[PDB]
Protein chains: 2
Amino acid sequence: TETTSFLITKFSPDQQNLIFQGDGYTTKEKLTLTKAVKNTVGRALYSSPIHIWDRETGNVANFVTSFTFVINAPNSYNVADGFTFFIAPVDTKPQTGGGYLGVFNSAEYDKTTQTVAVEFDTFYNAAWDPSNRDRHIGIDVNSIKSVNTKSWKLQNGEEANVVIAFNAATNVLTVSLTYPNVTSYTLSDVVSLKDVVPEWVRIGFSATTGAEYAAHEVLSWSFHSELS
Amino acid sequence: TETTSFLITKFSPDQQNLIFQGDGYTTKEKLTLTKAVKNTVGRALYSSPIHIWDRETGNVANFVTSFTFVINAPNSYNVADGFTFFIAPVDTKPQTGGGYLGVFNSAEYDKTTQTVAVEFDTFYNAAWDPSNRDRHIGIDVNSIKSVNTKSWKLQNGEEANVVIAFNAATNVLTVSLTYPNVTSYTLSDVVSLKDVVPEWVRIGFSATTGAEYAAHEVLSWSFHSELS
Ligand SMILES: OC[C@H]1O[C@@H](O)[C@H](O)[C@@H](O)[C@@H]1O
Ligand SMILES: OC[C@H]1O[C@@H](O)[C@H](O)[C@@H](O)[C@@H]1O
Ligand SMILES: [Ca+2]
Ligand SMILES: [Ca+2]
Ligand SMILES: [Mn+2]
Ligand SMILES: [Mn+2]
C-alpha cells in the first residue's frame with residue numbers, strides 16, 4: 001500500500017512544495033496561473049511524483065482532488081482560454097499555449113503526450129471544440145479534442161468548487177463543478193489510466209490566454225491518492 | 001491550513017517519491033541505507049519539502065511519523081554507527097560520516113546546521129557519547145552531542161517499531177521504540193523547532209558505518225504534518 005495526500009487552504013508567497021512553470025506564482029493567499037494578459041501560460045505542479053499505478057500487480061490508484069478556482073475576465077464576453085487539472089509524466093513541461101491550454105499539441109490522439117486533463121474551456125476553437133460554441137467542461141486524453149464535454153455557464157468572478165474523483169475498479173473519472181448561486185455540473189467517462197500515463201506522474205494546474213484573455217486563479221487545493 | 005501525509009508499506013525498485021543520497025537504495029521491498037561494509041553513508045529523503053512552521057502567524061506544525069527498521073550486524077558485539085530520522089533544510093546533503101551519522105559535523109552547537117535528529121546510536125564515541133558506553137536513543141539539536149538520551153538494548157536483526165511525535169502546543173518531541181519480544185523504550189524533551197529549523201524542510205533517514213559496521217534498512221514509513 002502506498003498513499004499520498006496534501007491540503008493547502010491558503011497559498012503562501014514561498015510555496016516550496018509546488019513547481020511553477022510559465023507565469024505561475026503565489027500571491028495574497030492565491031495561486032495565480034495567468035494574469036489578464038494576452039498570450040501567456042501558467043502551470044503549477046505538486047513537487048512529489050505520485051504512484052498512480054503498479055507495474056508489479058497492475059493495480060491502479062483511486063484518487064480524488066478538490067480545488068476552488070476563479071476566473072476574472074475584464075470583459076465578460078471575451079474570455080480565453082481556460083484552466084485545466086492534469087496528470088502527466090514527472091518531467092512534464094508546458095506544451096502549446098492558447099487554445100491548447102499549455103498541455104497538448106494536437107487535436108489528433110498522440111499517445112506520446114501521456115497526459116489526461118480535465119478542462120474548463122472558455123473559448124470556442126472551431127477546429128475541435130463543440131459545435132454549439134458553448135464554454136464547457138471536458139475530459140481530454142492525449143488530445144485537445146475532448147472525449148466528452150458538458151456545457152457550462154461561466155460565472156465571471158465567482159469561485160467554483162471542483163471535485164474530481166477516479167475509481168480504480170471501474171476506470172471512471174468523474175468531475176463536478178459547483179457555484180454557490182447552487183448551480184452544479186457533472187461529467188463522467190471511463191479513462192484507462194494504466195494505458196495512457198506512466199506509473200509515476202506529477203499533477204498540476206494549467207491555464208493559458210491567447211488573443212483573448214482573463215486571470216486564472218486557484219484558492220485552495222487538496223489531493224488524496226491510494227494505491228493498494 | 002497545510003497538511004502533508006504519505007504512507008509506504010512496501011518500497012519499489014524505482015521509488016520516485018524518495019530522494020536517495022550516498023549508498024541508499026531500495027531492494028527486496030525494503031529501503032536499504034547501508035550494507036554491512038565499512039565507512040559508508042546512506043540517506044533517503046521524501047521528495048516534497050514540508051511546511052514546518054510559519055513566520056507571519058508564528059504557527060508551528062504538529063507531526064507524527066511511524067516506521068519499522070532493522071539493524072543487521074554480522075557480529076552483535078561489534079556494531080556501528082547508527083540510524084537517524086531527521087528534519088533539515090530543503091537543500092540538505094550528507095554531512096560527516098562515522099559517528100557523526102551523516103547529519104552533523106561536530107559535538108559543538110552549530111546554529112547554521114539547522115538540523116534536528118533522533119538517533120539510534122550503536123557505537124560509543126568517547127568524545128561525546130554517554131559515559132556509561134550504552135547504546136542509546138537521543139534527540140540531537142544542531143549537534144551530535146544529544147540534548148537528552150536513553151539507554152537502549154539493540155536486538156540484532158529484529159524489527160523495531162518507532163513513532164516520533166511533535167506536539168506544537170508544548171514543543172514536546174517524543175520517541176517510542178518497541179521490539180516484538182514486548183520491550184519498549186520512550187524518550188522526550190522540548191525542542192523549539194521554530195528556532196532551530198527553517199520554515200520549509202525535508203525529512204528523512206540517515207545511517208552510517210565506519211571502522212565497525214552493520215546493515216540499516218527501513219521496512220515501512222508514514223508521515224503526517226499539519227500546520228494551522
Ligand atoms: O485566445 C483565443 C485564441 O487566440 C488565438 O490567437 C490563438 O491562436 C488561439 O489558440 C486562442 O484560442
Ligand atoms: O564505526 C565506528 C567508528 O569508526 C571510526 O573509524 C570512525 O572514525 C568513527 O567516527 C566511528 O564512530
Ligand atoms: Ca477552446
Ligand atoms: Ca556514537
Ligand atoms: Mn475544449
Ligand atoms: Mn549518541
Side-chain angles (χ1 to χ4, degrees), chain A residues 22-24 30-44 65-86 94-107 115-165 173-189 191 204-219 221:
Chain A
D23 303 57
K30 75 186 75 295
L31 159 55
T32 292
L33 291 178
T34 70
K35 286 178 174 169
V37 287
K38 310 182 79 139
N39 300 118
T40 50
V41 51
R43 310 217 312 172
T65 186
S66 296
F67 53 91
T68 289
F69 82 93
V70 177
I71 285 175
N72 276 295
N75 182 5
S76 198
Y77 291 137
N78 301 342
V79 191
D81 270 279
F83 160 98
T84 76
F85 168 74
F86 67 89
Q95 305 292 275
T96 311
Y100 290 92
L101 302 168
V103 290
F104 297 105
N105 304 296
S106 65
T115 297
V116 171
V118 172
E119 65 167 67
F120 298 87
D121 190 342
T122 57
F123 177 89
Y124 172 62
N125 293 99
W128 63 73
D129 281 332
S131 309
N132 53 54
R133 306 200 196 186
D134 285 333
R135 295 188 170 123
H136 47 289
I137 293 166
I139 296 175
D140 307 343
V141 181
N142 286 147
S143 167
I144 194 60
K145 196 192 191 70
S146 319
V147 303
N148 205 359
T149 70
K150 171 68 67 78
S151 294
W152 149 64
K153 297 77 192 175
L154 159 78
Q155 282 182 231
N156 194 36
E158 288 297 303
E159 53 181 51
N161 288 44
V162 182
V163 175
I164 298 176
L173 181 70
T174 301
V175 187
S176 297
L177 181 151
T178 303
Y179 282 123
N181 291 299
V182 185
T183 313
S184 319
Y185 306 91
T186 177
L187 170 73
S188 294
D189 221 318
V191 183
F205 290 117
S206 186
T208 55
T209 63
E212 311 255 85
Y213 53 85
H216 299 266
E217 313 169 336
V218 183
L219 320 191
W221 185 23

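Because only heavy atoms are used, hydrogens play no part in the values below, and waters and symmetry mates are left out as well, while side chains stay in. The sequence lines fix the lettering, A, B, ..., with proteins before strands; numbering per chain opens at 1.
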Exercise for the section: Can you label the angle between the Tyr179(A) ring and the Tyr185(A) ring as parallel, tilted or perpendicular, going by 30° and 60°? Expected result: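 If you compare the ring of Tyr179(A) with that of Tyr185(A), the planes turn out perpendicular.
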Just say parallel, tilted or perpendicular for the rings of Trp128(A) and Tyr100(A), cut-offs at 30° and 60°.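 Tilted: the ring planes of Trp128(A) and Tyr100(A) meet at 30° to 60°.
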Please confirm whether the backbone N or O of [Y] pairs with a side-chain atom of [X], one donor and one acceptor, at under 3.5 Å?
X         : Y         : result
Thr186(A) : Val175(A) : yes
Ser206(A) : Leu101(A) : yes
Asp121(A) : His136(A) : no

*Within a reach of under 6.0 Å around NZ of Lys30(A), are more than 12 heavy atoms found that belong to other residues, nucleotides or ligands?*
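Yes.
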Evaluate the side-chain proximity of [Y] to [X]: yes if any heavy-atom separation is below 4.5 Å, no if none is.
X         : Y         : value
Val182(A) : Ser184(A) : yes
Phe120(A) : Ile137(A) : yes
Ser146(A) : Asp140(A) : yes
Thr149(A) : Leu187(A) : no
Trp152(A) : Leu177(A) : yes
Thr183(A) : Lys153(A) : no
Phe104(A) : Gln95(A)  : no
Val218(A) : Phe83(A)  : yes

Which atom of [X] lies closest to which atom of [Y], heavy atoms considered:
X         : Y         : value
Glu158(A) : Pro180(A) : OE1-CD, 4.4 Å
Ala207(A) : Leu33(A)  : CB-CB, 3.6 Å
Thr122(A) : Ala80(A)  : OG1-CA, 3.5 Å
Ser66(A)  : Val163(A) : OG-CG2, 3.9 Å
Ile144(A) : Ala107(A) : CG2-CA, 4.0 Å
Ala73(A)  : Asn78(A)  : CB-O, 4.4 Å

(message) To the closest 0.5 Å, what do you measure between CD (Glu217(A)) and OG1 (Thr32(A))?
(response)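 So the gap between those two atoms works out to 4.5 Å.
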- Atom CG in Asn72(A), atom CG in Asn156(A): separation rounded to 0.5 Å?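 Answer for the CG-CG pair, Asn72(A) versus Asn156(A), is 6.0 Å.
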query = Considering the options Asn148(A), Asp189(A), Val141(A), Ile139(A), which one meets the side chain to side chain contact (heavy atoms under 4.5 Å, CB included) requirement together with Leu173(A)?
reply =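 Answer after filtering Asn148(A), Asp189(A), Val141(A), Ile139(A): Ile139(A).
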- Message: For a side-chain hydrogen bond (donor to acceptor under 3.5 Å, both in side chains) check, start with the C-alpha distance between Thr178(A) and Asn161(A), then their side-chain angles and the critical distance, and finish with the verdict.
- Response: CA-CA 5 Å; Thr178(A) 303; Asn161(A) 288 44; over 6 Å; no
Which is it for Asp81(A) and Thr209(A) under the side-chain hydrogen bond (donor to acceptor under 3.5 Å, both in side chains) test, yes or no, and what are the steps along the way? CA-CA 5 Å; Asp81(A) 270 279; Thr209(A) 63; 5.9 Å; no
inquiry  = What verdict does the side chain to side chain contact (heavy atoms under 4.5 Å, CB included) test give for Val162(A) and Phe67(A), after you've listed the backbone C-alpha separation in whole Å, the side-chain angles of each residue and the deciding distance to 0.1 Å?
reply    = CA-CA 5 Å; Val162(A) 182; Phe67(A) 53 91; 3.7 Å; yes
* Asked: Are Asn75(A) and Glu212(A) close enough, and set up right, to give a side chain to side chain contact (heavy atoms under 4.5 Å, CB included), and what steps lead you there?
  -> CA-CA 10 Å; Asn75(A) 182 5; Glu212(A) 311 255 85; over 6 Å; no
> Passes side chain to side chain contact (heavy atoms under 4.5 Å, CB included), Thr208(A) versus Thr34(A)? Steps please.
Replying inline: CA-CA 7 Å; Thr208(A) 55; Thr34(A) 70; 5.6 Å; no
- prompt: What pairs with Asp23(A) under side chain to side chain contact (heavy atoms under 4.5 Å, CB included), at least two apart in sequence or on another chain?
  reply: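 By the side chain to side chain contact (heavy atoms under 4.5 Å, CB included) rule, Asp23(A) matches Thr40(A).
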**Q.** is_close_aromatic(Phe69(A), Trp221(A)), centroid dist under 6.0 Å
**A.**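 No, the ring centres sit 6.0 Å or more apart.
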